[PDB]
Amino acid sequence: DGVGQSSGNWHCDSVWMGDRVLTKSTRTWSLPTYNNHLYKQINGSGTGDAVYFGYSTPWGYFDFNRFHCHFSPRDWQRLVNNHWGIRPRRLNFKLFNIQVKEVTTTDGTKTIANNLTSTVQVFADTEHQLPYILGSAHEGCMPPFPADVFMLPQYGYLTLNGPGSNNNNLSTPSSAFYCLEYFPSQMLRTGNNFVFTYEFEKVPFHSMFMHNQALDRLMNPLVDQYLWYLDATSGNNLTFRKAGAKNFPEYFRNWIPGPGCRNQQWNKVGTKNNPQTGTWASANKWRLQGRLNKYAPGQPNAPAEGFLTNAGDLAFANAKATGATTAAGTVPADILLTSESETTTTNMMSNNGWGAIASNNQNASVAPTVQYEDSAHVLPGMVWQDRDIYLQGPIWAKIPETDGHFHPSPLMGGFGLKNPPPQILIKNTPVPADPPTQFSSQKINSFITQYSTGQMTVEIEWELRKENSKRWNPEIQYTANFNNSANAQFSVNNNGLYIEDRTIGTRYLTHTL
Amino acid sequence: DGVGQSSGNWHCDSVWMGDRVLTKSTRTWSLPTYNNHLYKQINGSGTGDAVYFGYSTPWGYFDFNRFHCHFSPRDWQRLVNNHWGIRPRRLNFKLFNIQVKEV
Amino acid sequence: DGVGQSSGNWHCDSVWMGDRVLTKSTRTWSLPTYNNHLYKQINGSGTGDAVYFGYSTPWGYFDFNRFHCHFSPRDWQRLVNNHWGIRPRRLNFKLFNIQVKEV
Amino acid sequence: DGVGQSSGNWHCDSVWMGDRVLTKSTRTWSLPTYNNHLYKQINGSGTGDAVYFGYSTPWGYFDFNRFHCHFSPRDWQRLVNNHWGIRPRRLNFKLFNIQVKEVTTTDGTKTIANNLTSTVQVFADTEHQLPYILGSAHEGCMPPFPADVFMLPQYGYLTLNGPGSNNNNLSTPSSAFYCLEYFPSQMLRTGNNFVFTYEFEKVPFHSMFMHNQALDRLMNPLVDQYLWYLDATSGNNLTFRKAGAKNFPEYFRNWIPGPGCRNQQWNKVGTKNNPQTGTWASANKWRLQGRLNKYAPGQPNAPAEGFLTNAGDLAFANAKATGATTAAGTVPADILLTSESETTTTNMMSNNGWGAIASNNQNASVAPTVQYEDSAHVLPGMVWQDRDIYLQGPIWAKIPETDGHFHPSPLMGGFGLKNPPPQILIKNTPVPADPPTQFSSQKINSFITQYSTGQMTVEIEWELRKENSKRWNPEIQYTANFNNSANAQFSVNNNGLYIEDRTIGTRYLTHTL
């Protein structure tokens, strides 16, 4: 209460109790005033694959979505080595210690004061009535490292566009315009605070295990099958062979490898690659409304060893990389690659097609031939693994409401949700400057320049699956690198900059297929 | 209460329940000081069709009278297509988060 | 009961109550005698894409399946502008005022 | 119940009890099949004052609206001589003894049989959701005389039309189409019967009295007023005269005569009139949507004695007049005129304007002048009488639902009602002929020709006002004519045809103004 007493305390920790783990995190945020308190439509130019119609909004939004917001690199190691699965359960959100500050510029110098009576106004959208921009893997999340202070991103959305003469950017009768002040928000001065709770609906555990067997390798090698097939037509008579005696390709099997499609493969060594000034021409693409879009990422189809793909798998970067690009003779040291090769026991590899198939009918005078299938799709009796969740990856996504969807899991990995966590939106309440004495009906153009800052917290209850495995011998686990390095891993440098040295997937411990 | 805590919250929405509809709206306003805190009479000149005698006042007034203050263009569409009539019943007015500034 | 008194009344209307809508419809139908009271098999000729084997039956069947049987064009307009979804729940079927005539 | 026993009995009578009178009436009706069970739109041709768009309907309707359906000429005499007012209260409606008959034509002869299993279907519209065609003074009501058998009229309505190129008959986007089978009617075989009840909302009594005094004549003649006026300007000085000494035009009065307008007057003697081949050019007219309409009847403005007007007052005809026209050197013997001359004590006469008014400002050198007002409208402090109800006139009308209306009483006379008696609609249920053996999806073209007949009854509870008047001398009352005539009045002739000899208004007894 009041100006003098604080509205909250700092909670950042992790609590491991039985099969539950409970993470708490707090950060300090800074909110500017976007668009001078205005809504503005934004649109592209001309015809092309990138054309858009939308609205930029004088609001800002908290995004905690990404994993390592909630986990320290030790808690992640501790999590992925000991357990076969994780899913979220509950979350708890709070804002406190709001303080609003005003800026004044005399000549060329700034003087920042503190306005005690100014407010900010915040609301969460529980019914998902606004366009949902989370789960799209944007920037502007809580930083990895608790001592960083970050600036909240601006909120905006974009909507249907339409075919004008030379312009596909022309709005359509159904383009929606949402005013966020038509929501019943909550106005907060410096003393009072904001809170709400949320509960996840049941989802399946994410599998933290790598398989112990290939599909084609599921059998007893010591005894042959009782099934018979036609091996040899020669000699004007049919010859049936019995499946067995250590010839694996011939066995009958109940299950078949998962779906996928080929993807162009680019060697990590730079000298062997073909010198293309862009990879857009060679990418896998899908098209919607007459315009083509890169297909990324595909199904978790691993490439060949020593190769990679164009946006086929996720990739990250350090804090050392600023700007839009980096380059090196091999994959740059700032780039953090991910690899799905743990899934090659079930999922299809990207370096060649799915299989062959019968090309033609035969007779005595024509030879049988076969043709190769480059792509595959879902068939009955077929199994696959979903893409892995990383420490730097997104936690969830919103399943779009549609008349149908198949295996609704995000292609970037995550937990697909019908009712995801509500977006949280915040704004600085506009304070006008001194009005004129004579009345004028026009809008107020000029306001008092001000910004706000405070602290937030996120507390998520995670459910996790125990690991019971009777394998004798030891398993691969995540360990720190063994070299003496100038900078300790997952730690600041001399200049004070926090650095993630590499991505960490959750699949180490094995499991029988 | 006090300087530190807010005196209200933002309500703008519409609720359609049966044969009642309930609209809420909020705006942010700015009030100057008119006439240097003075009352002044005002009057025209000469003879003609427009001639007047009156007083200008160091006061200001809230006017919500006009319709679209209370309805969004979707709520209006939703109203006029589905119904044969409308009349008002009750209203509720509030001011809050007053703050005074000197120049 | 009896020849003199009617076995039912005419119900065609629509009732919109909350999130339920209840449609009633009545029609007048005429049933001949098909196939002279006989079952007959029917079949095509030769080889081709259209070839069939079946039976024609001395029976007849009520089909209300199609939508606009149940909705007037105003009730449809009223339905599709105001709502995000529809599904059926229950149905109730009746025949009455049967009368048989000889030629 | 059953085919063998009857569903009702004959009630026609009148019961005078205190201040209530209760009338019962029954008739026998015959219903054909209109439009071969089809709805059809109907429309005019070209541009003009009469242009229309509407729908004819395979339905028929009972209309009891007109007065003498409910009253015999003796009950009317008994009513209008003894009482100062009447208003309706309740009504009760019944159908019974329905029987349906089918028609067969072999060669050129008809053979009518009786179909026991056929039905008719009937409903009343309580909520007034259909177009309301009653109160428009059409034909097809219950006959005056209980032994007549009548045929029910066809139901139809007409709706907005629109400006096509050369055609104003073109439908408009808002033209409404009503299907009467989309109403939940009631299906009736020969045994079962139909009934409903209705209750009138409070309305003012219709005044059965003629006034005992003129407006300008309300005063005490024996004493002069105390009010002074300016009689004479002459002599360079003002001269005030005191109102009184038996000069009536000069008196001040609190009230002024009612509204009206002039109307062209046509002498009953045919030789004095001007030979116009039509009166449309000379009629009083009002115009709506660019097309002109005769203004009939106007406010109850009596004409001069021995004159009449063009549709200024109601007019009727005998049963002897069939066809669209009758002519005689004077007003024909079949035509039944009505006269409002009882109202001349308050209402304005039609033979000249309402009054004079000041034309100009004056000075010493210009004389004062006045101009004459041909029309008048409603002013504060002004009184009038409504048009009288006759024995052959309509009882009520429906006040159209509108944002405003003034003194809502029907200009033809009657009781204006917000919620009038519900229309009653009836149809022969279609019975198809023998269908073909091979299925065909087209509509059934051919049906079994049939018609129905039965009896109806109407029982109305009337409220009426007692007459207490202390005038010494006797009053005018309605009496039968004093001549010996070949045919008794209000009675059949040799050929068996019932004849109303003249109209009868309700205003005989007087009342003080």
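Coordinate-derived values only; no laboratory data. All Cβ positions, even for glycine, are placed from backbone atoms using ideal geometry, and neighbour counts span all protein chains on display.
What the Cβ-Cβ distance of D:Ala324 and D:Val269 gives, at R0 = 30 Å and to the nearest 0.05, is a FRET efficiency of 0.80. Taking every alpha-carbon pair in region A:252-299 and binning the separations at 5 Å intervals from zero gives 4, 14, 19, 18, 16, 11, 9, 6, 3, 0 percent. Under 5 Å between amide hydrogens, built in the peptide plane, is the criterion, and for D:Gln121 it picks out D:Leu188, D:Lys427, D:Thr429 among residues at least 5 positions away or on other chains.
Taking a ≥ b ≥ c as the square roots of the eigenvalues of the Cα gyration tensor, an a/c ratio of 1.5 or more together with a/b larger than b/c marks region A:93-194 as prolate. What is the percent of Cα-Cα separations in region D:198-240 that go past 11 Å? Percent of Cα pairs beyond 11 Å in region D:198-240: 81. For region A:311-359 versus region D:22-45, the spacing of their alpha-carbon centroids is 83 Å.
Note on region A:70-127 and region D:369-411: Cα centroid distance 76 Å, given to the nearest whole angstrom. For a straight C-alpha distance cut-off of 17 angstrom, the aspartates and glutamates reachable from B:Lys94 (same-chain residues fewer than eight places away being disregarded) are B:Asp1, B:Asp13, B:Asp63.
With the helix formula -39500 (n - 2.57) applied to DSSP H stretches of n ≥ 4, chain A reaches a computed 222 nm mean residue ellipticity of -500 deg cm²/dmol. For region A:97-151, a Kirkwood radius taken over Cα pairs fed into Stokes-Einstein (4 °C, viscosity 1.567 mPa s) yields D = 84 µm²/s.
Calculated FRET efficiency, A:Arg465 to A:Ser175, Cβ-Cβ distance, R0 = 45 Å: about 0.50 to the nearest 0.05.
The GluC sites (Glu not before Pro) of region A:338-424 meeting both criteria, a DSSP state outside H, G, I, E and B (loop) and at most 12 other C-beta atoms within 10 angstrom of the site's C-beta, are A:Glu401. Within the same chain, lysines fewer than 8 places from D:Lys101 are excluded, and of the rest, those with a Cα less than 23 Å from its Cα are C:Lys101, D:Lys110, D:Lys427.
The spacing between region D:449-490 and region A:217-234, judged by their C-alpha centroids, is 112 Å.
Compared with the dominant principal axis of the Cα atoms in chain B, helix B:73-82 is inclined by about 60°.
Helix D:73-82 and the longest principal axis of the C-alpha atoms of chain D enclose an angle of approximately 30°. Bridgeable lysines around A:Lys294 (alpha carbons under 20 Å apart, same-chain partners fewer than 8 residues away excluded): A:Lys285. The mean sequence distance of close C-alpha pairs (under 8 Å, at least 6 residues apart), as a share of the length of chain A, puts its relative contact order at 28 percent. Fewest-first ordering of D:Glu467, A:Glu459 by other beta carbons within 10 Å of each residue's beta carbon gives D:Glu467, A:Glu459.
When you have a sec, figure out the Kirkwood radius of region B:60-103 from all distinct Cα pair distances and drop it here in Å to one decimal?
Every distinct Cα pair counted, the radius reaches 13.9 Å.
When each of A:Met17, D:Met349 is scored by the number of other beta-carbon atoms lying within 10 Å, the sequence from fewest to most is A:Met17, D:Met349. Going from the residue with the fewest nearby Cβ atoms within 10 Å to the one with the most, A:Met208, D:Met219, B:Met17 rank B:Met17, D:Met219, A:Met208. Using only alpha carbons, the protein assembly as shown has a radius of gyration to Kirkwood radius ratio (Rg to Rh) of 1.11.
By its C-alpha gyration tensor, with a ≥ b ≥ c as the square roots of the eigenvalues, how is region C:1-77 shaped: rounded for a/c under 1.5, else prolate for a/b larger than b/c, else oblate? Taking the square roots of the gyration eigenvalues as a ≥ b ≥ c, region C:1-77 is oblate.
Taking trypsin sites (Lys or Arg not before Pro) across region D:403-458, the ones in a DSSP loop with at most 16 further Cβ atoms lying within 10 angstrom of their Cβ are D:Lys418, D:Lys443. Label zone (C:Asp63, point 7 Å along Cα-to-C-beta; backbone nitrogen cut-off 17 Å) within region C:12-33: C:29-32. Beta-bridge orientation, chain D: approximately 90 percent antiparallel, per DSSP, counting only bridges with both partners inside. Of the residues C:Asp49, C:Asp63, C:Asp19, the one that moves most in a GNM of chain C with alpha-carbon contacts below 10 Å is C:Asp49.
Pairwise inverse Cα distances across chain D, averaged and inverted, put the Kirkwood hydrodynamic radius at 27.4 Å.
Here's how it looks for A:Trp396: its modeled amide H is under 5 Å from those of A:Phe415, which are all 5 or more places away or on a different chain.
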